[PDB]
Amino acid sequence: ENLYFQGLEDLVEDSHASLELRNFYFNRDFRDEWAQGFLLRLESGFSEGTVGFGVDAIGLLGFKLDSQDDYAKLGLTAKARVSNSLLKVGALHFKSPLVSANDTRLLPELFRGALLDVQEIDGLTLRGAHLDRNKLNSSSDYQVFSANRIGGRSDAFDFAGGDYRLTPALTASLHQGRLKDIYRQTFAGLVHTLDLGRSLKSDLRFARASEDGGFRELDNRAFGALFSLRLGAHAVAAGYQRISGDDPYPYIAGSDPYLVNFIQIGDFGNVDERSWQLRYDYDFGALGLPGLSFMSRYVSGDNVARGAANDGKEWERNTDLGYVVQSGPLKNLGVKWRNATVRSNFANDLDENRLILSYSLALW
């Protein structure tokens, strides 16, 4: 009676829910898809007690329009909290150096598994996960994993990692993971944030991977550095990335790699690839146009392995223009245009346009 009945009420009492509408148009021109999506998110409260329990749900629905994102899926996530720690089991969507779920299409990628987040020690976040399925952004069904470019088949991704604030400005990270029967990978990172009150973020990354289990021998290293300068409404970033070893940068296929020069289309993670990035952002708020945004970036890669040579080269430009309605009936309605051009001597030259209309409504 009592505590159990009350627990079920408390799950609802402290719950919240939202509905997102997305209209997505995509075109690729080599030197076409329109779809509508709905995303219903429910997050329960927790039952009272030292250990609190809850449940989240995500409802996804997509269909193609005339002018594979044609599915419906409901995913549940059981959760438990104690002190400042949280366990989620079921449908997962999160970002971390060794595994990050994608959401740059119509409907999000989901993983099936368990994710633990422990924040009991001052300045220290410890995370770990066991994942056993990948639901690609464009499909309804959970499937087993493979690695980007490298292939393979795996039914387990495991990682643990810590992000530690050594000082208020400096955070050190170490994450270690395994895509079972394909690869092992470890990531170290150091991120320094200098606020001049005007700011400079310095983001250094290094990851090494080797084979796991009976998989063929694998050797990859990836160094990245990204320096992000904010100057009022302006932002400028400069990035450098170096891939080395016999193999390209491994990550779960369908998901996002934690590479500083991973942009709209390319990851710049090819064998031996050296690349640099320049990025500019302007926030129109100060000018008096608060919903408006502009970003443009350019990444140039060389040294890419082409057989026994290293004369592979590619570049990619991206430009994002966006507006979010600030007031009136259509407040929160957003439109984003993402335009990309890729030119390469080892892959397909491509131009891509995305147009995304989005609207989110808080239900309660």
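So that there is no doubt, residue numbering starts at 1 and follows the sequence shown.
Where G214 is followed by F215 in the displayed chain, the model omits none of the deposited residues that would sit between the two.
The entry shows a gap from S67 to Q68, with 10 or more unmodelled residues of the deposited sequence in between. Averaged over their C-alpha atoms, the temperature factors of 230-238 and 271-279 are higher for 230-238. Look at the mean CA B-factor for 308-316 and for 292-300 in the entry; the higher one is 308-316. Residue-level inspection of the entry shows that, of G54, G59, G49, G37, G49 has the top Cα B-factor. Among all modelled residues in its chain, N348 ranks in the highest third by Cα B-factor. The deposited CA B-factor of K180 belongs to the lowest third of values across its chain. For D117, the recorded CA B-factor ranks within the middle third of the chain. Only modelled residues enter the ranking. Remark: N220 belongs to the lowest third of its chain, ranked by C-alpha B-factor as recorded. Among the modelled residues of its chain, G162 has a C-alpha B-factor that falls in the lowest third according to the deposited record.
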